[PDB]
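Residue numbers (the working numbering), protein chains in the order written: chain A, 1 to 520; chain B, 1001 to 1125; chain C, 2001 to 2125.
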């Protein structure tokens, strides 16, 4: 049975590689504190305080907390991530299991200056999953508070909150309030455990590979085309130079002129920034020159935006202003961190199919030329979908997110999340957890006011998550060797992806998925 | 939701001084009412706190055995009576209020929403 | 990872003195920051310690009721404010730092990685 003196689960951290499948399992130790002193609170921000209109909000913070494993380093060790990206053309999630076990509730009393902590054996926690998607879904915004990448670390559970419609700092009639105690929930004492299972819906494999061809090079280099293009509008001669028409076939020496079947993907142009700072304009342009969208009178940066190549050839010092993912190095500051404290990703691989984020999409015609008027052209800085476009998605990273919830709407176009990962109409459900309030002694004459005098408590336990992943094997006939992700050979003060002398785990660099190649 | 100090003054050592505090509105607020003090050039220190029903009460170690905290819900006020005063009790006392009383966290300033202007109490020997 | 003392001085009995300490780098270090003192010809004694989130704090018995320990993560510094000083508090105070805080072992010097140069505090009557 389950009692005070027996454990309700075991520690599972493992990975198993079987054929076309890999199964990861992770266990961590968590600590859960009481939030808001058991209260729900209205929160808002408005111009009155001095915020700009672009930052206003209205919402609620709750006493509850939630579990989040939406980063890949929750499930994969760095060596496992190497096995995946060097050997496979793609992967996708299939199913998951979740367990919550070995739960301990503790009470802390304050007397004079000294603080003491004891067990409370009869207290509970409450847990439920939102399986019908009835709550605002705050997973998928890339918040802090996921399970730690390193299995020995103990993490704090984050507080749940949400936003609803606002006008300035005020609410409107359509604004919704939610009470989370209004769902069914399971209550657990120190001997109880909790578990559920979930199945992923069909989703396309993430493409982990780069193309070894480019979209404008798909032709046979040895042969002419049978089609023709207009090669000459004027006679080339001694003196006159009158109007003429002349035509040529496309061939090996004019590839720019040949007829083609396909177009590069869409473009929304970003401003370019150099990591060599003396090359930048001297001014503070991050917001005023930023790439933005405009919704209901608010301006919001398109960050990272649609997938575009970070730079062209030999340009690596440049990046789009708001167009890339940027991670932190360990102990990086929250505000105004220096360039040496952060890690910049590069989407450079998709340069074959996708326009570079800092250039125009192309050129079109402005006017109607004639004998009287010379022709004029114009530059295309944003281009939506054209028939014949092909494109790649943004890459995924070991530090980065896995899935997002597709918003429930009448229509969408190519619902792949812009921060990267798998779009899901029915994502893995969110998991809510709370300490049950325990009153301090009531008065001995009746009073109708709600009791707000409590014994301070927190809880701890273990959590397990297990995901099964499907693999897509690499079939290539390429003769020469591939690029692989590898560790450095040379000696160093510390080992990458390990602890230091102080005990702190760190991740030296971001690692994407695209190493193997494939024909376009 | 204004808290307001009263009863400030200067006293010789051993005298009995009485600080008072009042609020306006939200009797569904002001659940917990208490006192802090900040001496010259020093950190703010929690002095006392009591809840609405008078069931739960706490005094600071230095404060205990000399001060008593009392409360009148009708007037929506709270009083602090002070006995056997020592000149290290010169400080600026703040009435403080909050929606909740916790057993671990009550002595932290993080748990109080509202703060008065303060009072100056001087104690001489 | 240099700890640095400041605020040393000499004071008459009853005055309020404030010791300070700063570090450089490894904010993923300096999890716990505290104070020790070694009086002339005597054993090093733990004075105070506080962790990053300010959840857990401990004071020495002699120290308690007179000193307060506070911390600013932004500046990566920690302060020690001192009130009602007695001349047996003449010592050399060391700022001390470590990756961890334990409930049984926090008062031992074995648990701190980093040590400042020290400061001399003199107290006269």
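Even for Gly, the Cβ is constructed at its ideal location relative to N, Cα and C.
Report yes if the C-beta distance between residue i and residue j is below 8 Å; otherwise report no.
i	j	result
residue 1119 (chain B)	residue 1029 (chain B)	no
residue 8 (chain A)	residue 101 (chain A)	yes
residue 2090 (chain C)	residue 2121 (chain C)	yes
residue 64 (chain A)	residue 405 (chain A)	no
residue 2011 (chain C)	residue 2017 (chain C)	yes
residue 108 (chain A)	residue 117 (chain A)	yes
residue 89 (chain A)	residue 208 (chain A)	yes
residue 270 (chain A)	residue 358 (chain A)	yes
residue 2079 (chain C)	residue 2067 (chain C)	no
residue 385 (chain A)	residue 377 (chain A)	no
residue 94 (chain A)	residue 200 (chain A)	yes
residue 1077 (chain B)	residue 1031 (chain B)	no
residue 1004 (chain B)	residue 1116 (chain B)	yes
residue 403 (chain A)	residue 140 (chain A)	yes
residue 58 (chain A)	residue 44 (chain A)	yes
residue 343 (chain A)	residue 148 (chain A)	no
residue 471 (chain A)	residue 21 (chain A)	yes
Should residue i be flagged as near chain A, meaning a C-beta pair shorter than 8 Å?
i	result
residue 2110 (chain C)	no
residue 2153 (chain C)	Here chain C comprises residues numbered 2001 to 2125, so residue 2153 (chain C) is not present and cannot be evaluated.
residue 2029 (chain C)	yes
residue 2071 (chain C)	no
residue 1033 (chain B)	no
residue 1106 (chain B)	yes
residue 1019 (chain B)	no
residue 1006 (chain B)	no
residue 1024 (chain B)	no
residue 1057 (chain B)	no
How would you call residue i, buried or exposed, if buried means at least 16 neighbouring beta carbons within 10 angstroms?
i	result
residue 464 (chain A)	buried
residue 1047 (chain B)	buried
residue 236 (chain A)	exposed
residue 1110 (chain B)	exposed
residue 2036 (chain C)	buried
residue 450 (chain A)	exposed
residue 489 (chain A)	exposed
residue 1102 (chain B)	buried
residue 1051 (chain B)	buried
residue 232 (chain A)	exposed
residue 13 (chain A)	exposed
residue 230 (chain A)	exposed
residue 282 (chain A)	exposed
residue 1084 (chain B)	exposed
residue 1095 (chain B)	buried
residue 1098 (chain B)	buried
Would residue i count as contacting chain B if we go by Cβ distances under 8 Å?
i	result
residue 2009 (chain C)	no
residue 2016 (chain C)	yes
residue 2068 (chain C)	yes
residue 2050 (chain C)	no
residue 15 (chain A)	no
residue 459 (chain A)	no
residue 2081 (chain C)	yes
residue 166 (chain A)	no
residue 2084 (chain C)	yes
Under 8 Å between C-beta atoms, does residue i make it to chain C?
i	result
residue 1042 (chain B)	yes
residue 399 (chain A)	no
residue 1061 (chain B)	yes
residue 104 (chain A)	no
With a threshold of 7 Å (Cβ to nearest heavy atom), would residue i be considered close to the ligand NAD?
i	result
residue 219 (chain A)	The model depicted lacks the ligand NAD and carries no ligand whatsoever.
Chain F beta carbons: is any one of them nearer than 8 Å to that of residue i?
i	result
residue 154 (chain A)	This model lacks chain F altogether, as its protein chains are A, B and C.
Quick check on the DSSP output: what are the complete beta strand (DSSP E) runs of length 3 or more inside the region 389-454 of chain A, in order along the chain?
403-405, 422-424, 431-435
Do the region 471-483 of chain A and the region 369-377 of chain A touch if we need at least three Cβ pairs shorter than 8 Å?
no
I'd like to know if the region 421-433 of chain A and the region 237-245 of chain A are in contact, where contact means that at least 3 CB-CB pairs between them fall below 8 Å.
no
Would you call the region 289-299 of chain A and the region 332-346 of chain A in contact, with 3 or more CB pairs under 8 Å?
no
Would you say the region 344-355 of chain A touches the region 259-266 of chain A, given that touching needs at least three Cβ pairs under 8 Å?
Contact annotation: the region 344-355 of chain A touches the region 259-266 of chain A, with at least three C-beta pairs closer than 8 Å.
Below 8 Å, how does it come out for the region 252-263 of chain A and the region 216-234 of chain A: are there three or more Cβ pairs, yes or no?
Result yes; three or more Cβ-Cβ pairs closer than 8 Å.
At 3 residues or longer, what runs of the beta strand (DSSP E) sit wholly inside the region 1001-1068 of chain B?
1004-1006, 1009-1012, 1017-1022, 1032-1038, 1045-1050, 1057-1059
Entirely within the region 199-254 of chain A and at least 3 residues each: give me those beta strand (DSSP E) ranges in chain order.
With a minimum length of 3 residues, the continuous beta strand (DSSP E) runs that stay inside the region 199-254 of chain A are 228-234, 243-249.
Would you call the region 67-74 of chain A and the region 192-199 of chain A touching, i.e. three or more CB-CB distances under 8 Å?
no
So, does the region 406-413 of chain A touch the region 152-171 of chain A, judging by three or more C-beta pairs under 8 Å?
Verdict: no, contact absent.
Please specify which runs of the beta strand (DSSP E), each continuous and at least 3 residues long, are wholly inside the region 1075-1117 of chain B, giving them in chain order.
1077-1082, 1091-1098
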